[PDB]
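In structure tokens, the next block holds one chain alone, the form deposited in one PDB entry.
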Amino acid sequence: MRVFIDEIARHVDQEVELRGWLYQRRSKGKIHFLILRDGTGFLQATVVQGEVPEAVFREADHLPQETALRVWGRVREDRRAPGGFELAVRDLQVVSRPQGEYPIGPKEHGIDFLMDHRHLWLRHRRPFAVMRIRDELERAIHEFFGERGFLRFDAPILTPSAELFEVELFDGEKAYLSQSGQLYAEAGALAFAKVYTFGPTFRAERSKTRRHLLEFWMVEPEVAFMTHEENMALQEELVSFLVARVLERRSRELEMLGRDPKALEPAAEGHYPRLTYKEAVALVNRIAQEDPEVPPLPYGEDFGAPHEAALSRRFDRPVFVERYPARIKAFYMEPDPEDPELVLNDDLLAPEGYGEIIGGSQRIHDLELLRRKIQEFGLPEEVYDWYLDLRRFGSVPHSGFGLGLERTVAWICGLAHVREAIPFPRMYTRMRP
């Protein structure tokens, strides 16, 4: 029967067919050591002279990289093979040979070259591991919220009015690409108690930093009656579950990426530290004095990326920063009962310098307060009228957050740039392939 390398350990000492591509070849006299990939993994396949037909052994002697082929053989249990298993080849059929030199040969390639050839580079071991860890998280997120009784609520991408990317529609009229679905999620929250969006979002960010895409995916849970304290608990619950799931089921992928499991274990176990904005600023300024490279943060200013980086390295797991000043936050955020100047909001910083992976807050449930803050921020009340209906009719305290998938993937996989954490990234100077 045809099998995948994924489940090769099941079919020990058994006749199997593999369908895939030649990744690596090493012909030593009267034996070929192939490395096959079938899209589910990488496996050693030996073609010994005598055990195969001579016509087979000739093709295998001059068989280039990314040769599509079908392979028949018995699965041995070799201790000194990758993964602890190999295939003893009995017959081989070539399906396709490369037209030209395969661009991603056995050389050091620059990131630009690799990203230009991303459609091929995805076939290789490191991207392979990343996209599998990405898949694991996408499934895990669904299971997580599914069992909690949350309802997936796809927010719209095309948004009527309002930097943002604008879309030319019909007869001159224009729409904009969603930067966040939270406003719609709030409608869904009052409709279905506990919801979450899970679609793409688009920010026209001129940055070319290691944590910004023009196009990325954001999981945005929103729950009715849920408070700021509960918001952070749910955030902790999600991120710790996700990291645990990767450690449990994608340890082989982590190893391929050279990622130390012990870096992630604490994140999986929860008990995330909690700072206030005030305490966090103090700690940053304390670090800033110790290390001149870490810049200081004047109280009232927002956290730049180097502030978050330095702050996150002081802990072994994600850290919450809560209760920022109202003046540097969004209009919809509920103010702190004790301190009018603060808002009940939180960011979760991943460790090892990765910084913000989640951003959330409690939302205003009072009609006149929200109405008052709309004008204070100098926003047109017309465009947020449907948003105000959520305060006019059946208003309740509610909270939510947005989890960046690419950020979380980058952190968990230990990547240098978020672009590597999505099949085909879209940045300022990168729109291809």
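Superpose the two forms; the largest set of C-alphas matching within 1.5 Å is the rigid core. Numbers for residues come from their place in the sequence shown, where the first is 1.
According to the record, 4 to 9 deposited residues between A162 and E163 are left without atomic coordinates.
In this entry, the higher average B-factor at the C-alpha atoms falls on 44-52, of the pair 44-52 and 385-393. Set 92-100 against 184-192 and average the Cα temperature factors; 92-100 ends up higher. As recorded in the entry, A9 carries the highest CA temperature factor of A9, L22, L415, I422. Of all the options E173, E352, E308, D302, the entry's greatest CA B-factor is assigned to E173. Split the chain's modelled residues into thirds by C-alpha temperature factor. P106 is in the highest one. Split the chain's modelled residues into thirds by C-alpha temperature factor. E334 is in the middle one.
Among all modelled residues in this chain, the alpha-carbon of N285 has a temperature factor (C-alpha) in the middle third.
Annotation for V409: CA B-factor lies in the lowest third of the chain's modelled residues. Compared with the other modelled residues of the chain, the Cα B-factor recorded for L369 ranks in the middle third.
One more form of this protein, deposited in another entry, exists but is not displayed; see below.
In the core-superposed comparison between the shown form and the other one, the C-alpha atom of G29 has shifted by at least 2 angstroms.
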